[PDB]
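Okay, structure first, notes after.
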Ligand SMILES: C[C@@H](c1ccccc1)P(=O)(O)Oc1ccc2c(CS(=O)(=O)O)cc(=O)oc2c1
Ligand SMILES: [Zn+2]
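Numbering (our numbering), first residue to last: 36 to 129.
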């Protein structure tokens with residue numbers, strides 16, 4: 036894949052590994068690492084006409100930022116879980 040796609044894949048794997056161990060501080064760090072990588076990747080795909088599965092992920096990503104900033108902690112938890120799963124499945128299409 037692209038180098039950026041591999042960076043995202045690796046970072047998703049790390050988030051899953053941290054989640055498995057219950058290391059919530061490391062999950063937070065790794066989600067923050069994912070943030071700029073996904074943002075850049077997504078806009079690259081948009082510059083070449085777009086992917087509906089990518090668009091779906093990004094829609095959820097925006098909703099997550101809106102929920103988190105508003106303190107809507109239940110909506111953040113649900114949306115993060117579902118969107119990170121959509122991204123794992125997307126990048127498993129390799
Ligand atoms: C889950 C990630 C994602 C990444 C790509 C797609 C879908 C979800 P994300 O939403 O981008 O990851 C974050 C970002 C920021 C924070 C903050 C800091 S602030 O902006 O809230 O001040 C704090 C925090 O606890 O977690 C974050 C997670
Ligand atoms: Zn983000």
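C-beta atoms are modelled at their ideal positions from N, C-alpha and C, and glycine is treated no differently.
Kindly list the residues whose CB is nearer than 7 Å to the CB of residue 53, restricted to its own chain and excluding five residues on each side of it in sequence; keep chain order.
Once the five neighbours on either side are set aside, the close Cβ partners of residue 53 are 61, 62 and 65.
Is the closest heavy atom of ligand 1 to the C-beta of residue 67 under 7 Å?
Flag set: Cβ of residue 67 near ligand 1.
Taking the beta carbon of residue 118 as the centre, do at least 16 other beta carbons fall within 10 Å, making it buried, or is it exposed?
So residue 118 counts as buried.
Just the C-alpha distance for residue 111 and residue 102, rounded to the nearest angstrom, thanks.
Answer to the nearest angstrom: the Cα atoms are 6 Å apart.
Taking a cut-off of 6 Å, which residues have a beta-carbon closer than that to any heavy atom of ligand 2, in chain order?
Listed by chain position, these are 70, 96 and 100.
Provide the residue span of the alpha helix (DSSP H) that contains residue 40, from first to last.
Segment 38-55, the alpha helix (DSSP H) holding residue 40.
Please report the residue range of the alpha helix (DSSP H) in which residue 86 lies.
Where residue 86 is concerned, there is no enclosing alpha helix (DSSP H), given that its DSSP letter is neither H nor E.
Could you give the C-beta distance for residue 48 and residue 68, rounded to a whole number, given that I count them as a contact under 8 Å?
About 12 Å separates the two Cβ atoms, so there is no contact after all.
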